[PDB]
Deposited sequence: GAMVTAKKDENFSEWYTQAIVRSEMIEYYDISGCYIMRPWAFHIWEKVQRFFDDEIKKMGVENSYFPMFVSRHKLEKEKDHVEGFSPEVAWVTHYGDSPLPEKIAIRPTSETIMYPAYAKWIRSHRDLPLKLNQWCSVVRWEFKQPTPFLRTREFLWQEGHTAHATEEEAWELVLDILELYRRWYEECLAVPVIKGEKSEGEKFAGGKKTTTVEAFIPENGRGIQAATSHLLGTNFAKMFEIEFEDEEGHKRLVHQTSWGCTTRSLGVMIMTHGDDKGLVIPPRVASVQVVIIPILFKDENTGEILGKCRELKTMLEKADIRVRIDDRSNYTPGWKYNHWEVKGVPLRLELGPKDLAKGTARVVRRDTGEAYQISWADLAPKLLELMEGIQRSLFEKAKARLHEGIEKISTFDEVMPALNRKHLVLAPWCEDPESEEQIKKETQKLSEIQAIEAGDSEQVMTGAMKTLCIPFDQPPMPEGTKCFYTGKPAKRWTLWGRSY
């Protein structure tokens, strides 16, 4: 089974083929829900371990809160909430909702647990699934009605400490995407219209999908401030004895990250998995001629596997006799294994192995003694090259503009725009409406809204007197806009 849709032509069909034929997902009779098979789930387990280890260093501890929230507590978005109303065919006295997020589940407990400044900071995380029942068309990994995530929630005695935590977690999400998944992301702050309404400031990491020109939010970290503390009466006492509101954060990231990884590195042959998260980094394929000492070849493959595992390289031998090497090459290319090692009688006679890298197809002849250090070096080169090429595509996908006239041409090249902006929220909604209308007109001519993605932390120079690209009022900051998921 090969991927036959080309990534640059029918991107949606390519994506479906890549994730189905690699055995990452399976469909399900309830629309908008997908089965995560082991090939994808192993990658989730790897980024989960990374993130857990990092937040444990910060003093965050895992926990588990109930999946249900009482009507009263939830209603302290609404068409997205799935409601449990009966046990069997008996009606519940009050209906209960499945968590779309757990603020209203956790914060009553926080109010009970926090009494003194000595109780702070309080730092909790949980890994679980949440449910958001939208009637729109789903996309595997990217927009689904049930998804796995982690959500962290912290409380602090001061706004500055909470803010520092918000930025520390955002840096962890940058590392999740860029270090683990080799996906470049842009740190920024959401516009007033796009931020979490329950909070003070929402920070984000944003990724870019060149094939459809869309930005996609990769993860989020909110400075909640004291808003939820007032609503849930979460207060603490200073050492003088006065009661003060806590300052809160919340943050999350989902299996969307896997989809972004898939879209970023995949090619016409299928998946390409970054070595740092590949469950199989090296697949060993013995050549099995009928007229050969097959036992010797297999024994050497086993020895090489042991030698590589001593360097913590994750190895699988595909010694199935009933498939050709060509079949196996394709099979593990579709699944995205970053390195394949081939060993036949001539290699054994020379004391070498043939190694082929998945991203470029370049082949190497490596001595057995050099194999472990050379493969470690090659995997680091593959990881870095995947990231650097994606980063070049990201920066080639952003157009710096000064006037609204440049917007629609840039959108039609499937690019984002970086533009000086007045940051008035009313203007963002005017811009969404107008770019949607222009996109519809174009659609009819062909036989869509542009919104803010983020106000980037990394601000280009802003010349004095620069005007907003849409209102002509004084610009405040450079803002990243585009079509979006």
Which regions of the deposited sequence are unaccounted for in the modelled residues, listed N- to C-terminal? 1, 78 to 84, 456 to 462
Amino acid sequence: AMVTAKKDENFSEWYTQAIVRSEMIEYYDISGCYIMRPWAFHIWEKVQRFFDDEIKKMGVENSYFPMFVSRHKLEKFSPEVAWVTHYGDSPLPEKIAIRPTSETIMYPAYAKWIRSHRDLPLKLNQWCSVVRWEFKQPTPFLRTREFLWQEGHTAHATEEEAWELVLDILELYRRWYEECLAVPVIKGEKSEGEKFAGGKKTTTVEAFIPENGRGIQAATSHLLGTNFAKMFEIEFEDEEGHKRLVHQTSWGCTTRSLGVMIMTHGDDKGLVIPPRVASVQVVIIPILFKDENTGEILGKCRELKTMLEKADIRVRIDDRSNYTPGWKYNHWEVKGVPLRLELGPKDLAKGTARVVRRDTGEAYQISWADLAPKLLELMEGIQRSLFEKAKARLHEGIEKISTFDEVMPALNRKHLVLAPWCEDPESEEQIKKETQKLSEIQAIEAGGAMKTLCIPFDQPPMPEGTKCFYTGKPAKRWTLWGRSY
From here on, numbers count along this sequence of modelled residues.
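Rigid core here is just the name for the largest C-alpha set that superposes within 1.5 Å across the two forms.
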Core-fitted, the stretch whose Cα atoms sit farther from this form in 9 other deposited structures of this protein, 6 to 14 versus 459 to 467, is 459 to 467
Please tell me which region, 297 to 305 or 213 to 221, has C-alphas lying farther from the displayed form on average in 9 other deposited structures of this protein, with superposition done on the core. 297 to 305
Among the other entries of this protein that model both neighbours of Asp53, is it absent from at least a third? no
Looking at the other compared entries that model both neighbours, is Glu75 missing coordinates in at least a third of them? yes
Mean temperature factor over C-alpha atoms, higher-scoring stretch between 28 to 36 and 435 to 443: 435 to 443
State which stretch shows the higher mean Cα B factor in the entry: 185 to 193 or 240 to 248. 240 to 248
Which one, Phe208, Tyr173, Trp149, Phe404, has the peak C-alpha temperature factor per the PDB entry? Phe404
Of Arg256, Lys310, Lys391, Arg99, which one's C-alpha B factor is largest in the deposited record? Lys310
On the chain's distribution of Cα B-factors, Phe11 falls within the third called middle
Within this chain's modelled residues, let me know which third the CA B factor of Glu235 belongs to: lowest, middle or highest. highest
Pull the Cα B-factor of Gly344 out of the PDB entry and bin it into the chain's lowest, middle or highest third. middle
Cα B factor band for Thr479 (lowest, middle or highest third within the chain): middle
Against its chain's modelled residues, does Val417's Cα B factor rank lowest, middle or highest third? middle
